[PDB]
Participant: 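Mind looking over this structure? Questions follow.
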Amino acid sequence: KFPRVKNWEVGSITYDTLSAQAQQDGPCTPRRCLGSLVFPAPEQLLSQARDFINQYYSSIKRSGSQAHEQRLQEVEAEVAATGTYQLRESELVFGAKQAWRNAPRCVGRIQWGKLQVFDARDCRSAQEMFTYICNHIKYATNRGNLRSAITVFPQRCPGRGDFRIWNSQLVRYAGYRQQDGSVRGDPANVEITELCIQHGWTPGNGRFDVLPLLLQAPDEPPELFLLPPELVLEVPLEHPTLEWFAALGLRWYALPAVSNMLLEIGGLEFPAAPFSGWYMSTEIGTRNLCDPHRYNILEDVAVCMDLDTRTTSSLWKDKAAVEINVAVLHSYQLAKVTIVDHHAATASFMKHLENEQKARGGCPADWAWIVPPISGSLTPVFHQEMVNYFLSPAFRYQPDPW
Amino acid sequence: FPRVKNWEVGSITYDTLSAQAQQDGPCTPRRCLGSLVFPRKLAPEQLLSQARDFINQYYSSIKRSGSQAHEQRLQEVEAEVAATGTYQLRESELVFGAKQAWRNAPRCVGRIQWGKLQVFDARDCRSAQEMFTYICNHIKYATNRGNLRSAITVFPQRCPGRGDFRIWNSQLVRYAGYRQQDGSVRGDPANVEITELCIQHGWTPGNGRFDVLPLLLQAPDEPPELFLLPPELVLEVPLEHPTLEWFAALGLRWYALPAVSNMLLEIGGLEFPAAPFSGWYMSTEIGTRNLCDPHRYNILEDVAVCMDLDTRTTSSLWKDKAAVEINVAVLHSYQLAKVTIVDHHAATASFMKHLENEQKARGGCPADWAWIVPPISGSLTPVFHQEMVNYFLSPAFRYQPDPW
Ligand code: HEM
Ligand code: HEM
Ligand SMILES: Cc1cc(N)nc2cc(-c3ccc(OCc4cccnc4)c(CN)c3)ccc12
Ligand SMILES: Cc1cc(N)nc2cc(-c3ccc(OCc4cccnc4)c(CN)c3)ccc12
Ligand SMILES: C[C@H](O)[C@H](O)[C@H]1CNc2nc(N)[nH]c(=O)c2N1
Ligand SMILES: C[C@H](O)[C@H](O)[C@H]1CNc2nc(N)[nH]c(=O)c2N1
Ligand SMILES: [Cl-]
Ligand SMILES: [Cl-]
Ligand SMILES: [Gd]
Ligand SMILES: [Zn+2]
């Protein structure tokens, strides 16, 4: 009674037995599927903790041992005396990697074992928090040879408020409301842009103004910190054979660092644990630049290309979008900044699936997010059936602190 | 009542119609199986309850719920099943059920058209030659010299005991798939099987990679018999490119009529194992999936070499550039041949409008996001940013086992 999962390109068949271990419940029922929705104490802290400790001791091939039973006993003793417990350094590293390994919407998981874990659980103030973040950005950027990383700030604990990064990513561009009712810059960042200004940021008026950080230490208001210009590696966009493209003045940044998600490990919660990888080119070309509710450049590019935008059957949108993606891949390669195209990325994710099937007997994967937003069926993940479910450790969404 | 958001515009709606969904799907709170193509697998007390449900909505759809023959029609079906074990549908019920089954198909992006459907009633057919003639009137009517019209032909319902009418081909028009001393296929690899069944039932094979297969039609109980399609009934389109002069020399073609002939129409508890339906193509079905899938004609590499694309590195997006032009050549060729076709932008835009109508009419719409979003340029179309609820309503088209 485990789901049978077929690849329709090749004919292979597997069964996802890992799904029967799904340590939480999602939004679907036998009556209706909600798979496409974007947003779907001591004794229970104890069972989450015991399950994680069991996982950790499996991964080091030491399950059911003395050191294993001791650690379980230590944990339930700590939860008795304090209502919580502290992870050892090696458990934190393993926990952070599993949460990446368990993220069902991430197509980059072939890399999950190569993660640099920075332990900032001794962090003390917003100012120290800024220092750790700058170090993260600089290590992860690495002059364009990007490295995956996560920095873990102190956990949620009773008595004190949370560390929070108010920005959804460490690097985002401002979005300024206009007189047209329109938006200058990134429309997805209007809210954080207004928050910054009302916390004392002098706004610019460009389309690619990098936003300051809003950092919150426990029981403190958020504090504003400017990122040093030379810390934020950016890439001017040009096209290899459409020379007018460089005159659009488009740019994107090197480092995708998500900073507003909650990291859950063995019952414990880290509301501030930003992590970074490297971009897949369609994130920039298709979503960030062509979405009508983002920079929405697609029709402007198509007009410049002398495509017939009068009629949809010329496929002018598909043509413009492929060329924007080409420009993205060419610009990053030219600037020597790590980037992966959706063909290579999905191919390596197929290898991840085969790796995971041998290791854990399955892989949580969200088909609608794994399949790229252009050229879906040209990639191998399109013809691969998938089973979505929630494993822990996990990265979870959390409400905005404001 | 599930909250459903459109992320492109910000609108929010509630799918109250999902509450009235019955036949359970494959998902559970612990794991989602929405991406699976065939979910799970494939005392006449049950027949009455389904029969009375179907009758009730029929009379709600014509206002007349409340006294009148509405009261009356519930009785005849009661009596008919009490006497015979099955029942027969009144002709307007069969039309209404056929339309609703289409309206309820969660994977269909063309449902804006659900009201305009021609229903050919072939329930009095009792022969294989009769089926064949019924099929040909359909193909002729549906094709209509290239001005395609949606049509379904309903053959007699399955009766308890004694066999089924059935069409063996998955579609009325399919291209041959021939193996060889390479293990590879010439023709359509998706139809390797039904060609095997075509030859072993007495068919003479063909030349190359665009040979229209014969129909394997099966009257109840006695084995299927071959039927050869008249060429002038099979409108095909040869594929050319508006500016790439060499594309035509590649020798590709596709047929005009997508007519599905292996699904089971279920109305009011009755099951019709032979009810072939047809509409018209979205161009990505031909360009992207039929011609470009690695397990189909797989032409993508050949078109890239002719375009002089850099096939040495994935990062040139040569696959994406070649695929767009194939689609452009499909749209162009069908327009030149005055054959009805629709691009994935127009189709998805119409489907958004269908979603809004259905919100007003029934308070929701079953939609399978992974099949509604086109296989190319997905996020460039409005359905991409539209959350959708998938569930089973009746009347419905279902998949069914193959007859071997
Ligand atoms: C190294 C290269 C990486 C690539 C190419 C990559 C790629 C992606 C992509 C394309 C998405 C979907 C986003 C979208 O389409 O809107 C995603 C989601 C996600 N990624 Fe990865 N990623 C990488 C590294 C990482 C790392 C290092 C982490 C954390 C340790 C991570 C965690 C996640 C999570 C949690 C999600 C889901 C976020 C959500 O559900 O909203 N990724 N990734
Ligand atoms: C009139 C123009 C029509 C268009 C453009 C259209 C388009 C489509 C497309 C693109 C699919 C997805 C198939 C795939 O890519 O695998 C589909 C599926 C389907 N269509 Fe439509 N179709 C049309 C008419 C019809 C009609 C007339 C009927 C029935 C009377 C119908 C019933 C279905 C069903 C039952 C499915 C599969 C649903 C499922 O598997 O749950 N369609 N259609
Ligand atoms: C480490 C990493 C590397 C990479 N290369 N890529 C990444 C993309 C995301 C990502 C996560 C959630 C997202 O979405 C959240 C959201 C909020 C509101 C509405 N829709 C969606 C999006 C963009 N969709 C991207 C997260 C991490 C990424
Ligand atoms: C009336 C109509 C019009 C149109 N314009 N288009 C249509 C496409 C399909 C259709 C239904 C099921 C399908 O899938 C069957 C299948 C078999 C094996 C593996 N997976 C899936 C496919 C192709 N995917 C197309 C059905 C009807 C269509
Ligand atoms: C409504 C829709 O399901 C939603 O906007 C999803 C669809 N699939 C996606 N897939 C990826 N990779 N990224 C996304 O942001 C989305 N958005
Ligand atoms: C594995 C995957 O779910 C499967 O290949 C589906 C995905 N979506 C699809 N969507 C359409 N329209 N047609 C298809 O054949 C498929 N294939
Ligand atoms: Cl981004
Ligand atoms: Cl087809
Ligand atoms: Gd040029
Ligand atoms: Zn589901």
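Excluded from the calculations below are hydrogen atoms, water molecules and symmetry mates; all remaining heavy atoms, backbone and side chain alike, are included. Whatever order the structure lists ligands and atoms in, that order sets their numbers, starting from 1. In the text below, chain A, chain B and the rest are named by the order of the sequence lines, each starting its count at 1.
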Participant: Are A:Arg147 and A:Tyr139 in a cation-pi contact, defined as NZ or CZ under 6.0 Å from the six-membered ring centre and within 45° of the axis?
Facilitator: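 Flagged: A:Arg147 positioned over aromatic ring of A:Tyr139.
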Participant: State the atoms of ligand 4, each with its element, that fall below the 4.0 Å cut-off from a heavy-atom position in B:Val37.
Facilitator: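 By the 4.0 Å cutoff, the relevant atoms are 20 (N), 21 (C).
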Participant: Side chain or backbone of A:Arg287 under 4.0 Å from ligand 1, or both, or neither, by non-hydrogen atoms?
Facilitator: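 For A:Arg287, no heavy atom sits under 4.0 Å from ligand 1.
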Participant: Do any heavy atoms of A:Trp112 fall under 4.0 Å from ligand 1?
Facilitator: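 Checking ligand 1 against A:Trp112, which is what was asked, there is no heavy-atom contact under 4.0 Å.
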Participant: To the nearest 0.1 Å, how far is atom 34 (C) of ligand 1 from its closest protein heavy atom, and which atom is that?
Facilitator: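 For this ligand atom, the closest protein heavy atom is A:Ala103 CB, 4.0 Å.
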Participant: Establish, from distance only, whether the side-chain atoms of B:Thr314 and A:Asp341 form a donor-acceptor pair under 3.5 Å.
Facilitator: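 Per modelled atom types, B:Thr314 and A:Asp341 side chains form a pair under 3.5 Å.
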Participant: Would you say B:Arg174 and B:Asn191 are linked by a side-chain donor-acceptor pair, where the criterion is simply a distance under 3.5 Å?
Facilitator: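 On atom types as modelled, these side chains qualify, holding a pair under 3.5 Å.
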Participant: Considering non-hydrogen atoms of the protein only, which is the closest contact for atom 24 (C) of ligand 1, and what is the distance?
Facilitator: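 I find the closest protein heavy atom is A:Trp100 CZ2, 3.3 Å.
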Participant: Would you call the rings of B:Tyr334 and B:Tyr281 parallel, tilted or perpendicular, where under 30° means parallel and over 60° means perpendicular?
Facilitator: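 Plane angle over 60°, so perpendicular.
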Participant: Can you tell me if A:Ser276 has a non-hydrogen atom under 4.0 Å from ligand 1?
Facilitator: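 Yes, A:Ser276 has heavy atoms under 4.0 Å from ligand 1.
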Participant: Would you indicate which of A:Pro372, A:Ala344, A:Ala345, A:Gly108 comes nearest to atom 6 (C) of ligand 1 when only heavy atoms are counted?
Facilitator: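 Shortest heavy-atom distance from atom 6 (C) of ligand 1: A:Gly108.
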Participant: Taking atom 43 (N) of ligand 1 as the point of reference, which of A:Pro373, A:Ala394, A:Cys106 owns the nearest heavy atom?
Facilitator: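 The nearest heavy atom belongs to A:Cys106.
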Participant: Tell me: protein heavy atom nearest atom 16 (O) of ligand 1, and distance?
Facilitator: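 Nearest neighbour among protein heavy atoms for atom 16 (O) of ligand 1, to 0.1 Å: A:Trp369 CZ3, 3.5 Å.
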Participant: Can you figure out which of A:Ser148, A:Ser281, A:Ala368 has its heavy atom closest to atom 1 (C) of ligand 1?
Facilitator: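 The residue whose heavy atom sits nearest atom 1 (C) of ligand 1 is A:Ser148.
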Participant: Tell me the residues surrounding ligand 3, counting only those with a heavy atom closer than 4.0 angstrom, sorted by chain and number.
Facilitator: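 These residues qualify: A:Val38, A:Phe39, A:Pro256, A:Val258, A:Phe275, A:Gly277, A:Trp278, A:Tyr279, A:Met280, A:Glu283, A:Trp369, B:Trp7.
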Participant: With a cut-off of 6.0 Å (strictly less than), are more than 12 heavy atoms of other residues, nucleotides or ligands near CZ of B:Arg398?
Facilitator: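 Result for CZ/B:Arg398: enclosed.
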Participant: Could you find the nearest protein heavy atom to atom 32 (C) of ligand 1 and give me its residue, atom name and distance?
Facilitator: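 Looking only at protein heavy atoms, the one closest to atom 32 (C) of ligand 1 is A:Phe275 CE1, 3.6 Å.
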Participant: Do A:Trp252 and A:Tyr173 have ring centroids that are under 6.0 Å from one another?
Facilitator: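 Here the rings of A:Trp252 and A:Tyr173 have centres that are less than 6.0 Å from each other.
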Participant: At less than 4.0 angstrom from any non-hydrogen atom of A:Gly277, what atoms of ligand 1 do you find?
Facilitator: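 Ligand 1 atoms under the 4.0 Å threshold to A:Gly277: 1 (C), 24 (C).
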Participant: Which word best sums up how the rings of A:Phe118 and A:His136 line up, parallel for under 30°, tilted for 30 to 60°, or perpendicular for over 60°?
Facilitator: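 A:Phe118 and A:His136: tilted rings.
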Participant: Please report which non-hydrogen protein atom sits nearest to atom 12 (C) of ligand 1, along with the residue it belongs to and the distance in Å to one decimal place.
Facilitator: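 Of every protein heavy atom, A:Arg105 O, 3.6 Å lies nearest to atom 12 (C) of ligand 1.
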Participant: Less than 6.0 angstrom separating the ring centers of A:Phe153 and A:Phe270, yes or no?
Facilitator: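 No, ring centres 6.0 Å or more apart.
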Participant: When rounded to the nearest 0.5 angstrom, what distance separates CH2 in B:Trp114 from SG in B:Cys108?
Facilitator: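 So the gap between those two atoms works out to 13.0 Å.
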Participant: Return the closest protein heavy atom for atom 38 (C) of ligand 1 as residue, atom name and distance.
Facilitator: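 For atom 38 (C) of ligand 1, the nearest protein heavy atom is A:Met261 SD, 4.0 Å.
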Participant: Taking the six-membered ring for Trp, is the centroid-to-centroid distance between B:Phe38 and A:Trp8 below 6.0 Å?
Facilitator: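 Yes: the rings meet the under 6.0 Å criterion.
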Participant: Indicate whether any N or O donor in one side chain lies under 3.5 Å from an N or O acceptor in the other, for A:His342 and A:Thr282.
Facilitator: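 Distance-only check fails for A:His342 and A:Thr282.
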Participant: Between OG of A:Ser259 and CD1 of A:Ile165, what distance do you get to the nearest 0.5 Å?
Facilitator: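 Result: 5.0 Å between the selected atoms.
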Participant: Do me a favour and list the nearest non-hydrogen protein atom to atom 3 (C) of ligand 1 with residue, atom name and distance?
Facilitator: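 Atom 3 (C) of ligand 1 sits closest to the protein heavy atom A:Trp278 O, 3.7 Å.
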Participant: How far is atom 10 (C) of ligand 1 from its nearest protein heavy atom, and which residue and atom name does that atom have?
Facilitator: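 Nearest neighbour among protein heavy atoms for atom 10 (C) of ligand 1, to 0.1 Å: A:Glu283 CD, 3.6 Å.
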Participant: Above 12 or not: heavy atoms from other molecules or residues under 6.0 Å from NZ of B:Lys5?
Facilitator: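 Enclosed: over 12 neighbouring heavy atoms sit under 6.0 Å from NZ of B:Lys5.
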Participant: With a 4.0 Å heavy-atom cut-off (strictly under), which part of A:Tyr397 contacts ligand 1: side chain, backbone, both or neither?
Facilitator: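 It is the side chain that gets close, since no backbone atom is under 4.0 Å.
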Participant: Hydrogens and angles aside, do A:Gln23 and A:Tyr389 bring a side-chain donor and acceptor to less than 3.5 Å of each other?
Facilitator: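 Judged by distance alone, the side chains do not pair up.
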